[PDB]
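Have a look at the structure below before the remarks.
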Number of protein chains: 2
Amino acid sequence: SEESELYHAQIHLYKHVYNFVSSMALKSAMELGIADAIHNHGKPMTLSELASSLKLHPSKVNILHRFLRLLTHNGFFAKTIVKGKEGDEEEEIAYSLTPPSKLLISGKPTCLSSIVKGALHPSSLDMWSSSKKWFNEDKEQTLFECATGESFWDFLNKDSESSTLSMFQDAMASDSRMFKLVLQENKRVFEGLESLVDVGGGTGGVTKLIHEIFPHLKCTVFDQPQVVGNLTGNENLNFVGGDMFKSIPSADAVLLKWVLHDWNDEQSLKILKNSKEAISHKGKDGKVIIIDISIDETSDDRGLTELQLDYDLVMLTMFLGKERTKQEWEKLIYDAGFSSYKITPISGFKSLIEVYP
Amino acid sequence: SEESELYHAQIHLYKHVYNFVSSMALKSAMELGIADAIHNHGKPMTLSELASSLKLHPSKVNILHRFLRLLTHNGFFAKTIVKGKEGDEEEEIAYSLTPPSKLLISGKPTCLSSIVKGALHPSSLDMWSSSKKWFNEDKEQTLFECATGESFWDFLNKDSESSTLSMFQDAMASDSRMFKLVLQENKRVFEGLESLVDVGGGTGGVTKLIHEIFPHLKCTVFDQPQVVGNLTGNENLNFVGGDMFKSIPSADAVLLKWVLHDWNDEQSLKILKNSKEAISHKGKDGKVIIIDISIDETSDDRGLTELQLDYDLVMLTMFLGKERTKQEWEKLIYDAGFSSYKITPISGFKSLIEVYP
Ligand SMILES: Nc1ncnc2c1ncn2[C@@H]1O[C@H](CSCC[C@H](N)C(=O)O)[C@@H](O)[C@H]1O
Ligand SMILES: Nc1ncnc2c1ncn2[C@@H]1O[C@H](CSCC[C@H](N)C(=O)O)[C@@H](O)[C@H]1O
């Protein structure tokens, strides 16, 4: 017996084998618009009612039921027992939305539909059939290039991929929108700030959001001369062109939103150093705000670390990109000269790091 | 704040969105033969050593590392810290197998490679791109037929699918082999039995296994006249042709291995009734043994119920088949007249039901 003790070993194995089914079940739920239907019904909905709302063929009803059962077990729906109308139904089960599923209700600031649709789009999953060829080849490329022949970006730009591109940029907009919510949920981060520099803020889209929640904050959008060049306006809105590797505008705080996952530790350290100098005049009152993923391998929420590692693997297979771990984030901020830092989990699995001198 | 409280809602949502990545990571691990390599090294293996064993290009090494990190987090590998050979390596991490991964070592009775390879084969995953079309169409068919145009079985039989068919029948054999292990791990089930009837035992493949662990048990392979017709041999081996819906041979016990998930409750009840009569002469000493899936929705091992529900969904999308829940198994055995029953979990997520009169 000792050693050759299966079962515990098999349950674990199969559990990971069939994980994909849970994702496909969620995918279906959103592509069918179950949340919108129940929400529009605004009252626990019955299998028949939902079936009728989705205008499903009678043969597809029991398929809806099967998907509902699993999804309910996965916490995307709550089961209720409802009345019935006399000579029919007797005792029937009704379904209600749950916080997780409410995120799938469209026409709402919190809708994450487009994002889940892109994350589970065929162009995101089919490439995996080339994983073995990808591991054993001599060419350095993304798994997407290996399986498709072209890079992900070139694929979207094709003419026969017009719709695919609309979907992904809908997800992109949906992601930048959610930032607004991050601001709303973490006002204490920007509370005692008189000014802020949005490094690599491009045309000022993100600053605009910041201004929607904090109208009085003096924001200076910093980017390259060409990207900013002209642009002006507002007493609290600022556009200055320059090079973040040489110097970044002084302010109460420095925002680095999605600007460090593109640079290596060397280039990232210089940016952090220039960031510390830009707040240097505010002394121990200034702070650097980093918005990027941080994987906490030693976290107690194993599921969250796994989700983070999952995402990181998608960045690898699709773009050959990487996210940093909490420790390498620590090394970076300390090697830059800061005294402490505070990580705040945001948007499911992302992070908001507050760095203090 | 109340109601509009995200985060907890998002972490849950994304966790299910990106579940597929864990499956693809396991898929890679087996297609690369990481377990075989470490096992053949028979000592915790270093990233370099494994990289060299897999003969990976230098550019693919860091990809191996990324996949290893996640898989380790998912418990398929244990990290160790090893020596190093002087002027190189310094302190390097080594990887060891875990019970779950040891299941991937080939040339062993417990190897579940072929099974995981089929379960994660493109012919098993690509069809999901047609899920929306499948839900909204009027034709009753499997998701595989909807996306491919042909049934799963016809696909395997094609000439251009010779290899695909070898893979799936390797998985089938691998599954029937594992039964031998189920027997070894549950001898007390067949311990006090003098005889046994293997209903729908076909040509006696499964009885052969039963005879390997229990040489003295009198087994009578029961099936249709044509499938058995001739076949004879052995004092403890028996072949009798007939119809299980009319009557099944008497014996100390009746085995129903994968024979009930093909019949509806009506046909399944008749088979159970005829099974009770076949052991009727042994009184309260006889038993009916059912080997088929049982989903325990109220189980405390939520993960196992989810895995079972996952599998059940694959049977739906690929064959339009179904597995039963523990309660509907209960209704069946009680409506047949039995007094009690005992469910024993086997092979990861399957079940072995012992039914008593
Ligand atoms: N030397 C440099 N100085 C300042 N900005 C630079 C730079 N090199 C590149 N960039 C800018 O880096 C930005 C990276 S993208 C930054 C993302 C942005 N804050 C968001 O929320 O989406 C680009 O807008 C690019 O123009
Ligand atoms: N009326 C009947 N009586 C007995 N066997 C029947 C039958 N109708 C169909 N079968 C048999 O039902 C079996 C279902 S498959 C049973 C699976 C088998 N015990 C295993 O371990 O793989 C077939 O072998 C088929 O020949």
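Residue numbering restarts at 1 for every chain of the structure tokens, chains are lettered A, B, ... in their displayed order, and ligands are numbered from 1 as they appear.
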
From a DSSP calculation on the backbone, collect every residue of segment 135-292 of chain A in strand (DSSP E) and output the set as a PDB file with N, CA, C and O atoms, in the first residue's frame.
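In the end it all went to selection38.pdb:
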ATOM      1  N   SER A 195      -1.018  67.331  -6.039  1.00  0.00           N
ATOM      2  CA  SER A 195      -0.642  67.160  -7.443  1.00  0.00           C
ATOM      3  C   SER A 195      -0.266  65.715  -7.775  1.00  0.00           C
ATOM      4  O   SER A 195      -0.021  64.894  -6.888  1.00  0.00           O
ATOM      5  N   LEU A 196      -0.196  65.414  -9.063  1.00  0.00           N
ATOM      6  CA  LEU A 196       0.143  64.066  -9.495  1.00  0.00           C
ATOM      7  C   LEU A 196       0.668  64.071 -10.932  1.00  0.00           C
ATOM      8  O   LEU A 196       0.209  64.856 -11.762  1.00  0.00           O
ATOM      9  N   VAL A 197       1.645  63.209 -11.212  1.00  0.00           N
ATOM     10  CA  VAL A 197       2.225  63.099 -12.556  1.00  0.00           C
ATOM     11  C   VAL A 197       1.862  61.733 -13.101  1.00  0.00           C
ATOM     12  O   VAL A 197       2.239  60.707 -12.532  1.00  0.00           O
ATOM     13  N   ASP A 198       1.137  61.719 -14.206  1.00  0.00           N
ATOM     14  CA  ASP A 198       0.729  60.470 -14.830  1.00  0.00           C
ATOM     15  C   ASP A 198       1.780  60.146 -15.886  1.00  0.00           C
ATOM     16  O   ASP A 198       1.667  60.565 -17.036  1.00  0.00           O
ATOM     17  N   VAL A 199       2.811  59.416 -15.476  1.00  0.00           N
ATOM     18  CA  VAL A 199       3.905  59.038 -16.370  1.00  0.00           C
ATOM     19  C   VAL A 199       3.471  58.072 -17.475  1.00  0.00           C
ATOM     20  O   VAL A 199       2.896  57.021 -17.215  1.00  0.00           O
ATOM     21  N   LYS A 218      -4.166  68.441  -9.105  1.00  0.00           N
ATOM     22  CA  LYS A 218      -3.388  69.008 -10.210  1.00  0.00           C
ATOM     23  C   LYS A 218      -2.651  67.862 -10.908  1.00  0.00           C
ATOM     24  O   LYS A 218      -1.644  67.365 -10.407  1.00  0.00           O
ATOM     25  N   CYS A 219      -3.171  67.425 -12.053  1.00  0.00           N
ATOM     26  CA  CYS A 219      -2.559  66.319 -12.785  1.00  0.00           C
ATOM     27  C   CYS A 219      -1.768  66.765 -14.002  1.00  0.00           C
ATOM     28  O   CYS A 219      -2.267  67.513 -14.848  1.00  0.00           O
ATOM     29  N   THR A 220      -0.522  66.310 -14.089  1.00  0.00           N
ATOM     30  CA  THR A 220       0.292  66.629 -15.244  1.00  0.00           C
ATOM     31  C   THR A 220       0.605  65.350 -16.008  1.00  0.00           C
ATOM     32  O   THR A 220       1.340  64.492 -15.529  1.00  0.00           O
ATOM     33  N   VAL A 221      -0.005  65.226 -17.181  1.00  0.00           N
ATOM     34  CA  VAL A 221       0.181  64.089 -18.076  1.00  0.00           C
ATOM     35  C   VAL A 221       1.563  64.184 -18.710  1.00  0.00           C
ATOM     36  O   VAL A 221       1.838  65.104 -19.483  1.00  0.00           O
ATOM     37  N   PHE A 222       2.414  63.220 -18.386  1.00  0.00           N
ATOM     38  CA  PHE A 222       3.780  63.177 -18.888  1.00  0.00           C
ATOM     39  C   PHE A 222       3.976  62.057 -19.899  1.00  0.00           C
ATOM     40  O   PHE A 222       3.604  60.904 -19.659  1.00  0.00           O
ATOM     41  N   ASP A 223       4.563  62.397 -21.036  1.00  0.00           N
ATOM     42  CA  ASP A 223       4.822  61.401 -22.058  1.00  0.00           C
ATOM     43  C   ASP A 223       5.864  61.947 -23.021  1.00  0.00           C
ATOM     44  O   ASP A 223       6.520  62.940 -22.719  1.00  0.00           O
ATOM     45  N   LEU A 237      -5.121  70.374 -15.310  1.00  0.00           N
ATOM     46  CA  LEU A 237      -4.681  69.416 -16.317  1.00  0.00           C
ATOM     47  C   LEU A 237      -3.411  69.918 -16.971  1.00  0.00           C
ATOM     48  O   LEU A 237      -3.341  71.054 -17.435  1.00  0.00           O
ATOM     49  N   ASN A 238      -2.417  69.049 -17.044  1.00  0.00           N
ATOM     50  CA  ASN A 238      -1.135  69.449 -17.587  1.00  0.00           C
ATOM     51  C   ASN A 238      -0.493  68.497 -18.586  1.00  0.00           C
ATOM     52  O   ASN A 238      -0.494  67.292 -18.387  1.00  0.00           O
ATOM     53  N   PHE A 239       0.072  69.039 -19.657  1.00  0.00           N
ATOM     54  CA  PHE A 239       0.749  68.202 -20.643  1.00  0.00           C
ATOM     55  C   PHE A 239       2.176  68.682 -20.826  1.00  0.00           C
ATOM     56  O   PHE A 239       2.405  69.829 -21.213  1.00  0.00           O
ATOM     57  N   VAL A 240       3.136  67.816 -20.517  1.00  0.00           N
ATOM     58  CA  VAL A 240       4.537  68.156 -20.679  1.00  0.00           C
ATOM     59  C   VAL A 240       5.227  66.989 -21.366  1.00  0.00           C
ATOM     60  O   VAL A 240       5.014  65.831 -21.008  1.00  0.00           O
ATOM     61  N   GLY A 241       6.032  67.298 -22.373  1.00  0.00           N
ATOM     62  CA  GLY A 241       6.740  66.258 -23.093  1.00  0.00           C
ATOM     63  C   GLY A 241       8.159  66.117 -22.585  1.00  0.00           C
ATOM     64  O   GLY A 241       8.755  67.102 -22.147  1.00  0.00           O
ATOM     65  N   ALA A 253       2.864  63.168  -6.032  1.00  0.00           N
ATOM     66  CA  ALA A 253       2.979  61.732  -6.247  1.00  0.00           C
ATOM     67  C   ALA A 253       3.272  61.421  -7.713  1.00  0.00           C
ATOM     68  O   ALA A 253       3.077  62.261  -8.584  1.00  0.00           O
ATOM     69  N   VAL A 254       3.766  60.218  -7.970  1.00  0.00           N
ATOM     70  CA  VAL A 254       4.060  59.778  -9.327  1.00  0.00           C
ATOM     71  C   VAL A 254       3.222  58.542  -9.602  1.00  0.00           C
ATOM     72  O   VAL A 254       3.211  57.612  -8.794  1.00  0.00           O
ATOM     73  N   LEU A 255       2.507  58.525 -10.725  1.00  0.00           N
ATOM     74  CA  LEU A 255       1.692  57.359 -11.063  1.00  0.00           C
ATOM     75  C   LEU A 255       2.393  56.614 -12.175  1.00  0.00           C
ATOM     76  O   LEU A 255       2.816  57.212 -13.160  1.00  0.00           O
ATOM     77  N   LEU A 256       2.548  55.311 -11.998  1.00  0.00           N
ATOM     78  CA  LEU A 256       3.177  54.466 -13.007  1.00  0.00           C
ATOM     79  C   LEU A 256       2.135  53.397 -13.285  1.00  0.00           C
ATOM     80  O   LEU A 256       2.110  52.353 -12.636  1.00  0.00           O
ATOM     81  N   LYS A 257       1.253  53.672 -14.233  1.00  0.00           N
ATOM     82  CA  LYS A 257       0.196  52.730 -14.560  1.00  0.00           C
ATOM     83  C   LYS A 257       0.574  51.944 -15.806  1.00  0.00           C
ATOM     84  O   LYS A 257       0.702  52.519 -16.890  1.00  0.00           O
ATOM     85  N   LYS A 287       4.748  60.064  -2.572  1.00  0.00           N
ATOM     86  CA  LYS A 287       4.610  58.628  -2.765  1.00  0.00           C
ATOM     87  C   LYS A 287       4.645  58.310  -4.254  1.00  0.00           C
ATOM     88  O   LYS A 287       4.366  59.172  -5.091  1.00  0.00           O
ATOM     89  N   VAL A 288       5.008  57.075  -4.583  1.00  0.00           N
ATOM     90  CA  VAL A 288       5.012  56.629  -5.967  1.00  0.00           C
ATOM     91  C   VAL A 288       3.938  55.563  -5.992  1.00  0.00           C
ATOM     92  O   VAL A 288       3.902  54.690  -5.125  1.00  0.00           O
ATOM     93  N   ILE A 289       3.043  55.653  -6.965  1.00  0.00           N
ATOM     94  CA  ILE A 289       1.959  54.697  -7.096  1.00  0.00           C
ATOM     95  C   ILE A 289       2.189  53.813  -8.332  1.00  0.00           C
ATOM     96  O   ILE A 289       2.279  54.306  -9.453  1.00  0.00           O
ATOM     97  N   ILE A 290       2.324  52.509  -8.113  1.00  0.00           N
ATOM     98  CA  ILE A 290       2.545  51.570  -9.201  1.00  0.00           C
ATOM     99  C   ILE A 290       1.313  50.714  -9.414  1.00  0.00           C
ATOM    100  O   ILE A 290       0.852  50.048  -8.487  1.00  0.00           O
ATOM    101  N   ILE A 291       0.778  50.726 -10.631  1.00  0.00           N
ATOM    102  CA  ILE A 291      -0.370  49.901 -10.941  1.00  0.00           C
ATOM    103  C   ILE A 291       0.084  48.871 -11.971  1.00  0.00           C
ATOM    104  O   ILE A 291       0.308  49.187 -13.135  1.00  0.00           O
TER     105      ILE A 291
END

* Quick one: residues within 10 Å of ligand 2, with only C-alpha atoms and all ligand atoms, as JSON, numbers by chain? -> {"B": [172, 175, 176, 179, 198, 199, 200, 201, 202, 203, 204, 205, 206, 207, 221, 222, 223, 224, 225, 226, 227, 228, 240, 241, 242, 243, 244, 245, 246, 247, 248, 255, 256, 257, 258, 259, 260, 261, 262, 263, 271, 291, 292]}

* To do: Record the distance separating atom CA of residue 318 of chain A and atom CA of residue 143 of chain A, expressed in Å with one decimal.
  =>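 Between atom CA of residue 318 of chain A and atom CA of residue 143 of chain A the gap works out to 6.1 Å.
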
So that I can see what lies close to residue 25 of chain A, please list as a PDB file with C-alpha atoms, in the first residue's frame the residues with an atom at most 8 Å from it, counting only C-alpha atoms and leaving out residues fewer than 3 positions away in the same chain.
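The resulting part17.pdb:
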ATOM      1  CA  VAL A  21     -14.916  22.739 -18.583  1.00  0.00           C
ATOM      2  CA  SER A  22     -15.671  25.335 -15.878  1.00  0.00           C
ATOM      3  CA  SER A  28     -21.579  29.833 -22.497  1.00  0.00           C
ATOM      4  CA  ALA A  29     -23.416  31.607 -19.699  1.00  0.00           C
ATOM      5  CA  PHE A  67     -25.056  24.132 -17.679  1.00  0.00           C
ATOM      6  CA  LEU A  70     -22.758  23.230 -12.786  1.00  0.00           C
ATOM      7  CA  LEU A  71     -22.678  27.019 -12.820  1.00  0.00           C
TER       8      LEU A  71
END

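Between chain A and the residues B:39, B:326, B:139, B:158, the shortest atom-to-atom distance, using only C-alpha atoms, involves B:139.
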
* Asked: Restricting the calculation to only C-alpha atoms, which member of B:230, B:98, B:268, B:305 is positioned closest to residue 345 of chain B?
  ->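 Looking at the shortest contact to residue 345 of chain B, the residue is B:305.
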
* List every residue of segment 62-176 of chain A that DSSP, applied to the backbone of this structure, places in helix (DSSP H, G or I), and write the result as number ranges by chain. => A: 62-73, 99-102, 113-119, 122-136, 143-148, 152-157, 159-176
